[PDB]
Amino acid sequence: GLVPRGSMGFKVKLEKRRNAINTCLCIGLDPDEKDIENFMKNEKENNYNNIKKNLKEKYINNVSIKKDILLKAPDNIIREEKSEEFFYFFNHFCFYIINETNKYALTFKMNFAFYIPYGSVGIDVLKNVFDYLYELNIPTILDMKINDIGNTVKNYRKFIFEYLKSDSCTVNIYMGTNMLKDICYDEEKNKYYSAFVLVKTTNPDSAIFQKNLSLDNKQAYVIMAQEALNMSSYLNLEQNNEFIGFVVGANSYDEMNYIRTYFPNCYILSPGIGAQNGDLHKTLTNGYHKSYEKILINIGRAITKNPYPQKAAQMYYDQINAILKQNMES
């Protein structure tokens, strides 16, 4: 009755992990230039304490790109591999956050935008991060808010689900839901994949289209949620242990309440806690489901920019779990 790592649908992988660690913390890994630069500076000041810990972890030997470089001594990188120094410290920063925080994470979400601005080098890092998370068996989300015509988006499907072997991604369906047939499904291989579509976002002006536009007294975010679930049903996702879920911001309390009320069993991904100042108690309460994996609370910068990310993660894990307990003991 046992399924091996990598050989099950995302719904099953999330449920198993949720049973294991009893939380809905989603850790965001969005390293910026200052993060990387700082990591390098700190490691140089402390004889690379964290990099040396990274290098003892067994699965570093199972990443795809430039292991030859990643496994070098840090002082050899600095002295002998100058053109690889950035790749090295960027990738080791990522492994460091993962190693420090993974025991608290239901899922990691990596936002593509942070991995592209230096050109190809960050995509090598991103591939290694995904290979590493696959080896640890931690559920993954690639946050890329993708959108195009079907013929174009199948390239993103290949990158996200074949190359990175991601469990899921985020999608903006404003163009249409028909794009989902080329993202959540591969007709050639007959494989199904999971996604979170944008419903209500955290940016301060998100109401401008998501709540102002309507059809017959239903606001755009409700229509968009319904259309996404209609497409999920058509594609048979949940019967293949995948899903289409919703991104609903952690500062959008009324919309979280409406979505959980009107779509009782939907999967919700909620960014906005920490750096963006959303209210965790209100968000988790309004979006609560007794299957906690259906209300992922994403926290990025408030963990990754803390000097002690393991402790920051534990603190959020504990805060979330205390609110989960309040709801279980309602």
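In this text, rigid core is short for the largest set of C-alphas that superpose within 1.5 Å between two forms. Quick note: we count residues from 1 along the sequence shown, nothing fancier.
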Rigid core fitted first, then name the stretch among 107 to 115 and 192 to 200 whose C-alphas deviate most from the displayed form in 7 other deposited structures of this protein. 192 to 200
What stretch shows more C-alpha movement in 7 other deposited structures of this protein relative to this form, 201 to 209 or 164 to 172, after the core is superposed? 201 to 209
In the PDB record, does 32 to 40 or 53 to 61 carry the higher mean Cα temperature factor? 53 to 61
Could you check which stretch, 225 to 233 or 118 to 126, carries the larger mean CA temperature factor in the entry? 225 to 233
For the CA B factor values reported in this entry, which option in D143, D167, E100, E238 has the top one? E238
Out of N76, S206, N172, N151, which one has a C-alpha B factor higher than all the others in the entry? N76
Splitting the chain's C-alpha B-factors into thirds, which one does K211 fall into? middle
B-factor third for the C-alpha atom of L25 within its chain: lowest
Hey, what third does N46 fall into on Cα B-factor, ranked over its chain? highest
Using the temperature factors of the C-alpha atoms in this entry, rank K290 within its chain: lowest, middle or highest third. highest
Looking at the temperature factor on the CA atom of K305, which third of the chain's modelled residues does it land in? middle
